[PDB]
Structures are given as structure tokens and as C-alpha cells.
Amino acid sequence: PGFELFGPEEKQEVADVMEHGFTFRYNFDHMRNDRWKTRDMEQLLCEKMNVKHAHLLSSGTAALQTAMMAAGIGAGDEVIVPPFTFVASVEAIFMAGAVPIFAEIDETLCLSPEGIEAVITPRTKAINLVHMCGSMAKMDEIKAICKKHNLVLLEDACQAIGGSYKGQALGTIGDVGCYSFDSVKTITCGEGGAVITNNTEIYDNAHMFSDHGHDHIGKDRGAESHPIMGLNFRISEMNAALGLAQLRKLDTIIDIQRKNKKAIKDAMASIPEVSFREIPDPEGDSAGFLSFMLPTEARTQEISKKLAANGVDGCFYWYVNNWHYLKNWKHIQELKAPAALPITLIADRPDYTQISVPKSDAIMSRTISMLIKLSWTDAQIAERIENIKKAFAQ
């Protein structure tokens, strides 16, 4: 993760806000001395990712809530979502008053075309596609499903910035995409997120909705109009500044992940039991994780235990862990919250205790994902590889 390359660039960029800038992302022209960090981050996103618009805001979660509202995805709408993703995917749908509809993942670890096909109803408004663990889904097929059924395609790219699919940056392919710059992402703001799109009406909705409907027109904040209601997901200039310094390092970061993942994957490919996640576009993998499969569930359990025992940290058996797989989200299953949620106001909706995702279970029960870190020396990679081989040894 990006935090591993914290150096003088980050310190300097943030100190500039404090020394010459201002803390608020808008206005204060007179006294911010032309320091617009948020603005600069958004433009650097547009230029690096080759998208028309980027709107930076308070978190990746706030991104998803904002992207959904901005795209016309609201109260009562069905939104297809996978059962392997971070909890925020499902929380944002529920908070919107929308209805999550689980669809199956495939061997890409992301929504399957056929899975999506099978749960499309007429209530369906959107697909919430997640590029999990730094790689991507079968995008041409999913795009075609969304075009044929008239569905909004939202990309959650919060774990895969710098990845691409056929020369298109992840997050730029659907109607709208989201990024996270939380403290453990590829690139960080400490906290922050972005909504990205080539659709200007979506962008306008996004910047307005994340700032109380403020049109952001003119130089008098107080005099601005509010064509819509909204909320507050503004990001500070210090958070943006840190993000600006980090995004300037994204290419180095992706190259290190790619190099490190390759070396480890290459040596693991001589262990016959190991299968690897499917990658539709190998050139476009951001390489944040090496995801591998064992032949059976029991064997997966055993390898997970032995990786840990042999010092191979940063391995995630998502199937049994609490934050990335539906099966261990009883809280979500049973709509637990200290006040009534909007989803409770909808009668005709899934019983969330009774979701079956058999084909996701089949894959995820045998899947372990290893985090690819930036700090690793070649000696440390060699040792990790030896520890992996010892973990598989029999």
C-alpha cells in the first residue's frame, strides 16, 4: 500500500496547505495563494486515467453513495452486487434506500456475466461491479448486458486503481466509477475517495450532491444556488494534498506490485496444486494481490493455517473472514442497526437471511489472497517463497 512510500513528497505537500494554502477546497481565492490541492488531484486523475471528470470527496464509501445518487440510483431500485466485496458495497446500497440483489462471482473473483443475467428483473437499475483484489471482471460481456438491459454500470475500483481492461483504466468503463484513498489503499489521502466519469451530468450531480447541492458557480459561496438537495462529503485540503503527492507515485507503485507479484507467482507455478485467479486482461492487472485456489476446501483450510505458521503474513482466506464475504455478515443478513433503516420501508424485497450463492461458495471456499507489499527486497521475496514452499510441503 501507498503508505509504504511515505517520504518527503507527502510531508511537503501537506505542509504547503498549512504554509501558503487554505483548508477548504473551495473559494478563499484571495488568501489561499493559488494552492488548490483538491482541484489539482482531480485534474491529475482526469489526465492519468483519461476520463473527462473526477470529483474527490471524503471516502470511497462516500464515493459509492455519491456515484449512485449521481447516476440516478436511488430508493427502491434493485442493484446487483457481489457477495465477495468489502462491506461498504452493500452498506451504501442500503443507506440509499436501494435493494441489494446478490449475483454470483466467477473465477475472476468479480461478478459473473451469467450470474448477473440470472438475477436481472425489471426492478433492476444498476450493476455494482467490484474489481476485487486489484484485478477485473469480464468487462466486455458485462458492458453488453448493461447496454441490452438498460442498466447503469457502476465500477467500484476502490481496490484496483492503476489497473485497466483493454487500454481503459478501471473505473472509466461503466457510467460511473469509484476510488478509495483510505489509509491502506494503493494510494492514500489518509481518508478520501473519488467519483469518476465521462458523463458530465453525472459529474455535476456528484459535485453538487456531496456539498449540499451547491452549484459551485461564481466566487460567492453564499450566493450559489442548490438545484438539488445533498449531503457533506467534502474532503479537506490536507487530505487532498497527501493524495496529490501519492497519485504522482502511482506508476512506480503499480510497477513494484507487478514485479513482486510476478516473482512470487512464477515460483508458485511450480507447486502443482496451486491454481490462480482468472485474469481477463493480464496486462491490466494492478497486482495488489496474488489470489490462488486449492483443489478442496479442507486443503484450503490447511494451507491457510500453514502459510501463517511459516511466516507468510498478509494472506486472506476471505471465505472465513468478517469484512469481505456475505456468509459472515449476519449483521447485514439481519439488517442490524440501532435505528430503522430505509430498506425496512420496502415490503417486496429479499429475505437477507436466505441468500444462497453456491457458485461463489465453490470458488471462495478454496481461495486465498496474498497482499503484494511495496517494501519487499529481493532477499525477503526469496525467503517468502521458501516459506510458501514449506507451507505446501508434504
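Note that residue numbering follows the sequence shown and begins at 1.
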item	value
68-76 set against 146-154, stretch whose average Cα temperature factor tops the other in the entry	146-154
Higher-B stretch (mean Cα B-factor, as the entry records it), 343-351 or 359-367	343-351
Peak C-alpha temperature factor (PDB record), options 213, 193, 295, 162	295
Residue with maximal Cα B-factor (values as given in the PDB entry) among 134, 177, 115, 82	115
Third of chain Cα B-factors occupied by residue 43	middle
Third of the chain, ranked by Cα B-factor, where residue 53 sits	middle
Chain-wide C-alpha B factor ranking for residue 222, given as lowest, middle or highest third	middle
Cα B factor band for residue 16 (lowest, middle or highest third within the chain)	middle
CA B-factor ranking of residue 93, expressed as a third of its chain	middle
